Amino acid sequence: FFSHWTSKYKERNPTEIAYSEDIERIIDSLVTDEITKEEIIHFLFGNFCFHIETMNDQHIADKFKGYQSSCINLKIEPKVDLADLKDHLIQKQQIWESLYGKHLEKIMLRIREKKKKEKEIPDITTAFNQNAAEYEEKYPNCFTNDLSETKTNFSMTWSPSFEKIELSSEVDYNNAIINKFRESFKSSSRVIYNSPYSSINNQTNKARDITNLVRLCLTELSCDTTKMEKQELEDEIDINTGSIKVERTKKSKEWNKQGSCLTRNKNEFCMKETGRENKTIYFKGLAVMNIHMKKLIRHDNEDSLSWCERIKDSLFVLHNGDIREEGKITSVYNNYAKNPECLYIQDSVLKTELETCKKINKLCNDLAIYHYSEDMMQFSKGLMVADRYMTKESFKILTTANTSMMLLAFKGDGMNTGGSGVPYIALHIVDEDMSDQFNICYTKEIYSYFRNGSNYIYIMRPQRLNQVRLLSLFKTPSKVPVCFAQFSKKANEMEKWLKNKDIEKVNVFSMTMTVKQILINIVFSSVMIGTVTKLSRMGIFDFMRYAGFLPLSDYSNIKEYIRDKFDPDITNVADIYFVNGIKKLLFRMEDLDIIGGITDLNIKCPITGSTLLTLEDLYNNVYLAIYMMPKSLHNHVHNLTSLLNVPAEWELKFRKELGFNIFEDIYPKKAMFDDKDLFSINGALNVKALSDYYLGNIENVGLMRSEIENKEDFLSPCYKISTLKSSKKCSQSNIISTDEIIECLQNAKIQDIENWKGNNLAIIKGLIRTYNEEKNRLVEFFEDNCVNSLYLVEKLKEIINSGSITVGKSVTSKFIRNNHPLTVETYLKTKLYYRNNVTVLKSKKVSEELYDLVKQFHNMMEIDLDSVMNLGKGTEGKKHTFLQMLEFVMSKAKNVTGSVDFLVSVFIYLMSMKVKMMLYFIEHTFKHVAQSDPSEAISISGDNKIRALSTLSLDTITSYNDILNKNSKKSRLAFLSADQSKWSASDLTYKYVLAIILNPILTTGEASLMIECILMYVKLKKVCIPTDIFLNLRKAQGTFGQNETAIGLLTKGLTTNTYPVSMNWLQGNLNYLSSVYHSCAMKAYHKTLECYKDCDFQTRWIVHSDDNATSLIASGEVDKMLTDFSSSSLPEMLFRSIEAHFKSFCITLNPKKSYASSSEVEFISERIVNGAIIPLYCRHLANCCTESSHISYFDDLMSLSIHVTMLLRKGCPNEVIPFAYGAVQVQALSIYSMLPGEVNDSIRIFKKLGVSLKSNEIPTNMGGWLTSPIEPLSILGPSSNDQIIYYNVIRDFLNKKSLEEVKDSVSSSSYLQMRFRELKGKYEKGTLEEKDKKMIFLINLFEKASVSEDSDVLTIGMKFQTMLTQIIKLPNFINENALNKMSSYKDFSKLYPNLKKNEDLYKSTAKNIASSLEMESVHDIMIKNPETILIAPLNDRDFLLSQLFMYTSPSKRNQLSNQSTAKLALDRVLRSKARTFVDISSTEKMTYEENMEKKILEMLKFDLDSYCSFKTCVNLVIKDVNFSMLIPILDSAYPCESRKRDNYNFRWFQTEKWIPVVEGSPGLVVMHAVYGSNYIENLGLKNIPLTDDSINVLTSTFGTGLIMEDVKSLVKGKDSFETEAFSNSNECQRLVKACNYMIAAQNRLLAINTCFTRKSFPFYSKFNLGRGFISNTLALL
Ligand SMILES: NC(=O)c1ncn([C@@H]2O[C@H](COP(=O)(O)OP(=O)(O)OP(=O)(O)O)[C@@H](O)[C@H]2O)n1
Ligand SMILES: NC(=O)c1ncn([C@@H]2O[C@H](COP(=O)(O)OP(=O)(O)OP(=O)(O)O)[C@@H](O)[C@H]2O)n1
């Protein structure tokens, strides 16, 4: 172990760091009445003398010099010798050790003072009544007993039953329904208005208006079109971004002319030229939709439960008469659920489970679950399509696969600025038989009805829906059938009735009344849960995650949670059913193998099905009801204001508590270190606790320092660090300069009104738009910022008085949204000098910021080629380290920079590059400290062992309780599952300095650097609100009474943007240091509890930042000490004592999610009771239906199959797995890669062109369907589907039986050439069988759509986790708009000027006069330095021009252009049906399906010279270690009943193929297990040679393309070119594979040693660092 001091800061002490008086205040504030200042200093600087056994002697001299300097600067006489300090610190030990007993007495007094003040509620009903009483006390008379003023019961949209077959013959089936309703709505006027909820005083007077509006819109304002063209969209260039989807200017944006009406497309109509009485009727109907006063019903309303107990069974009657049999959602769900035998390889033993799944599918078919979900999905489609394009004088009649359903959509909030939603009136035709049940069910929203024929025509009430609510309505086919399947499985009456009957006898007719009632509840709950669009239902359902703990003890959650902080916001009826289910569960728990519920007689909360055989069924039902709700139905505008509003309040609370005023700095005070309640710690106890923690954790200072400076990439340049190189995002305050602003104002003349070209017109527009209403501040900015005062304003006078200028109005958000960003910059900056300063932080990549930092380190600001190339080559040139750049940044910004670097923004938080580097240093010097702690969970690599540590924390605790309580005394268990509240907001930050001073694995210079870093992070941090949000609050504050909650007080009345956030580190920034402090606090808790005299306590705790998993086992005289601690049992003891102890460590325990029990613990989401773990597969099942990224079909299908895989891991039953398959299929296919029957299908396209591939053999990237079985998807993952179909077509191609025959036939090198020649001859003369055409198709697909194709991992870093990739990559930007606003492009465009800057066509013309010379120079200084463009930067001049030589490849600007951005819905369902661009430069615009047709027609021919990709695709499949041993196990596995499996329910999968396959690869003994598998299954050991040699072939071709063209067999000389010409013999890839298969050189790298050999043939082996890298078979563990 060698020691290296990594600082120029060596001669700096922690008491001379500019912000050094705060350390003096911390020292002065730690002085107690028993410990003086001298002992505090001697302990704090000198604690390292307990660690002096593993550190160097130069480290000894360094730390003793730091000790002496600290004592001299603090006016204390230091000890002369190190042994003198050791003797003094070992003799003043009992003074410091006595703090634990006083702390024990303090927490006992705090429990005694806290339990006396609280009040006790007698029962749960009194808690509910007290909540209702205080709710009436806030707002009086808010509770109404009349059910006529409430909100809508049955949510956004209503689905009647569809009773008549509608024949179509030349009548356009979508349009025949509209004229059917029109001819129904032409009879007389027997309009009966509906009184809601059987009321008597019906006002009406609006039902007449709605009826007249609907009659007008269906009689006069619309007609049978049947001839107009469909809506077609086209991509267009935006003035701020690229490639947005919009309607074309002609055709589908123009109003056509039918007979006396105006029409746009097949659905939209208009009334621009209509009679005045008709216009009056239209406006009278429009005024209804608007184009305390809360009536909340009580929890104990017996009328609402009685009404719901008729509404929810009228719904079941309505869900029982539908006659439709085929559809889109029905087809995809019946692909998996109607025949689930294909998913399971050994399906012959699942004769009961698969039959139950088939019965659940038949019940879904007969109750019209699929058809209702499909109707909701397409109506949400049509509704948001209507939301963006509708005007006030137009409507958008929607029709679907329905028979008796329409919707009359009206003007919504196009160009979304929050808004309210899109109005819509739905019409229904119901027959005479189901007429009373329709009135009973939808009694609130039926607005008028009349009778025509044997039918009733219903007009329902208009509502409105935001885009988020339409998106939650969209995922109905993914959310409702899985709800029906899970609730039908977990209900024991439903499953019990399903098990006796047969598939031909399952119907509603042969049902008992109890099973029918359970089915009614299941249908109603699935409908109400799968589509949720109300905030009250979300409040009710996330109230449910705390009122659901049965096996419990004292938690302060049964009664004190249902008091004041519970919000009973029940607005409608029939959520009384859900709240009443909660109330019955709580009343049951009040009156009091896991068998938890066969004896308690528990009741399901949403589905009410009794006789619960297992507690895990209850946990699964509640948590699936919880996790299926959306994250938020609020807009991003409201959510961002909430996220920017919480820290302002939690900082104003801190300032008010500790006496700081609003506009001043933050310094330590005595109150923070005096053991107070709100914002304080104990002080001297914290120092002793941290010293004891560092004594007990760090065992070798030098070895751990070596691991820190070797594994965290210290003493290495910053581009080797993945956090500071991989472009996440960043924040750099780029503001147009004020001198540049006044210069642009000066050069903007008044004689060039026509010639206002360039970007200066944007500055002119911004200053004029600011002048139009903000005259008060523009004169101040024009007279104080610039030295010329009157000239600028007098020039602006005739600038506005020039007559012609393009400004409409200060429309605020309408100006911001669709104008150039520098217009926003100027419209800000001309009124921001002394107030409202903003200083807008625009986002940037960290790679560009690191590029600028490396450029600024070597003083190469102005870019010059000789200046960068003079830095040397190889591993002997100029190179920096991470800490040298860190101190360069610190020395730069300590020089009066204005503290612009400490500015974060919300985009979860967006910090600067400096703050990212300081947080990296502080984070990763404590990551290894937390890695040495066995009780620390955030240091666990991944989520794999997170469950494992909880398993140990249960197992050793239970084993020790079994080993102690049987001998001498009694023991009581106490498991704590705490979660702290405001872990970052309420936390004192200055206590982290004490964790750094006492750190022994450090240096007195590095410690000073970290202390100064944390002190500037506290004293100078600020938060900048974004421009649109701050303008919204500014205009709201101007219109209103000018008061705000906390943001107005912090920003001096909203007159400035940056508000101070000092003692609140942002969440995720200190995630290891806070966890270290938490574990230190728990060790101090154990040391404090060890001070009790006649009792023995041992504590086991587990810490992951915010969370806690404390266990405690007491022994001895328990009965006396329990009333000493003021409690009744050990969980009550633990919940009181830990809460009292944590207040001395600035940790706030909240009595909401923190419970204490004697048998149950929870950690994050996993949960283990009495040595057995409850599975909780709810999160993955909900992620299978709700969470998606919305980027592509391939990406989202591969991402959702992760959740399917973890569903298979965590014990899912075998009847929800086919529904999980169907759910991920609907969620992947329902946006862009369209559903069966639509335009972007892949079964239909492959069937039309006669492709030889079958339905279940289409690859995933071809738009095909996930058809991998249960076992290979569970073991390998989503990347196994294409591997399985490739292996199947290969095994059919060479006509073999097993994989081993294929392996020993491929292993001969003279075999695949003969097969390829035989295939070529077969294609030649006369014969091509089906297998040959399949093999040819997949060979050409591997050529055209391999994952390595058109990708390099050094421009954008990818991971290569699959075999193939997306074959259409839509460009997010067109031309060089993606490459702009970049320092790399601005440098590349300067030393290589506009001959090669603008544009891609100018560079492409240099491949067939000055651009050819520039390209020749580029590739001449590129090909002489080969290591700079296709490996990682070895040093500088391998990084600064590595970012410069990537803007020359056509496939490296395309890769940066089509980067996957976030976007949202309606930007991808519209782009899929639009004529999109192909690449970065093409005049041709073509659709997605036509592109797919062209690509499939391209990959149909044999295309000889395809031998290399044939051998590559064979060898990528067969050579996998995991696949080649998983397949023979699956092929030769015994069914059951010998050692594999003998149980039935949820015990085939976890007994037959996840334990005899885990005795397969690593060998194992355990029988039943929930699996956290190994790392990712590697299919990228062979693909990173493909990328790293494809880029070599590309630069070879682009180097050889200038001087000459040639074909082959080149004779030129100049060895680096002749050897690459010999390298390009066939493709260079078969040469790569064969040549480095038959030898293995493996020469080391020094870039002169390796360039000594040859530039081409053995050099490429040192551009991947490995060859034929075969991994080991992964242990599932
Ligand atoms: N992005 C939008 O279009 C939108 N959505 C809701 N809002 C807020 O609510 C009002 C109604 O929106 P509009 O801009 O369509 O109404 P308008 O201003 O009276 O009509 P117009 O566009 O023809 O001038 C608007 O005045 C505005 O305050 N704006
Ligand atoms: N009630 C609690 O016991 C609790 N648990 C966490 N927190 C801290 O609260 C900050 C923001 O709260 P959020 O609105 O994001 O939800 P949350 O974290 O789940 O807390 P809560 O249950 O109170 O809503 C978050 O920064 C979070 O750390 N409070």
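When the letters of the sequence shown are read in order and numbered with the entry's author numbering, they come out as residues 317 to 607, 654 to 954, 970 to 1284, 1296 to 1796, 1813 to 2081.
For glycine and all other residues, C-beta sits at the position ideal for the given N, C-alpha and C.
By a beta-carbon distance limit of 8 Å, residue 1140 contacts residue 1121. Their separation comes to about 5 Å. A residue is called buried once 16 or more other Cβ atoms fall within 10 Å of its Cβ, and residue 708 is buried on that count. Per DSSP, residue 899 is one residue of the alpha helix (DSSP H) stretching across 897-904. Three or more Cβ pairs closer than 8 Å define a contact, and the segment 1012-1027 falls short of that threshold against the segment 926-934. Each residue's CA atom was taken as its position, placing residue 1992 and residue 1825 some 20 Å apart. Residue 1068 sits close to residue 363, with the two beta carbons spaced by under 7 Å. Membership of residue 1725 in the alpha helix (DSSP H) is indicated by the continuous run 1718-1732. Take the alpha-carbon of residue 1372 and the one of residue 1452: they are about 6 Å apart.
In the DSSP assignment, residue 1560 falls within the unbroken beta strand (DSSP E) covering 1560-1562. Annotated three-state conformation of residue 692 is helix, per DSSP.
Short note on residue 1030: C-beta not closer than 6 Å to any heavy atom of ligand 2. Taking non-hydrogen atoms of ligand 2 into account, the C-beta of residue 1371 is found less than 6 Å away from one of them. DSSP places residue 1406 in the uninterrupted alpha helix (DSSP H) bounded by 1394-1407. These are the residues, in chain order, with a beta carbon less than 5 Å from any non-hydrogen atom of ligand 1: 775, 777, 779 and 781. Remark: fewer than three beta-carbon pairs, one from each stretch, lie closer than 8 Å, so the segment 1361-1369 and the segment 338-355 are not flagged as touching. In the three-state reduction of the DSSP assignment, residue 410 falls in the helix class, which pools H, G and I. Rounded to the nearest angstrom, the gap between the Cα atoms of residue 1784 and residue 1790 is 6 Å. Between residue 2071 and residue 2040, the C-beta gap is smaller than 7 Å, which places the two residues in contact. Counting along the chain, the unbroken alpha helix (DSSP H) around residue 1470 starts and ends at 1461-1477.
Exposed is the label assigned to residue 410, since fewer than 16 other Cβ atoms lie within 10 Å of its Cβ. The alpha-carbon separation between residue 674 and residue 800 amounts to approximately 11 Å. Shortest gap from the CB of residue 1008 to any heavy atom of ligand 2: 6 Å or more. Residue 1007 is a Cβ neighbour of residue 834, given a cutoff of 7 Å. With a beta-carbon spacing of about 32 Å, residue 1927 and residue 847 fall beyond the 8 Å limit used to define contacts. Closest in alpha carbon position to residue 582, among 418, 489 and 510, is 489. From the listed residues 1995, 1541, 2050 and 1875, the smallest Cα separation to residue 905 is found for 1541. Here the C-alpha atom of residue 1953 lies approximately 54 Å from the C-alpha atom of residue 1262.
Secondary structure at residue 857: helix, using DSSP grouped into helix, strand and coil.
Between residue 793 and residue 817, the C-beta spacing is below 7 Å.
DSSP places residue 1448 in the strand class (E or B) of the three-state scheme.
Distance from the CA atom of residue 1500 to the CA atom of residue 832, rounded to whole angstroms, is 49 Å.
Relative to ligand 2, even the nearest heavy atom lies 6 Å or more away from the CB of residue 1186. Relative to ligand 2, even the nearest heavy atom lies 6 Å or more away from the CB of residue 1531. Inter-residue distance for residue 1841 and residue 1265 is about 19 Å (C-alpha atoms, whole angstroms). Excluding its 5 nearest sequence neighbours in each direction, residue 1738 has C-beta neighbours in its own chain below 8 Å: 1757, 1855, 1858 and 1859, listed in chain order.
Sequence-distant partners of residue 1406 (beyond 5 residues in either direction) whose C-beta falls short of 8 Å from its own C-beta, in its chain, are 1043, 1377, 1378, 1450 and 1451.
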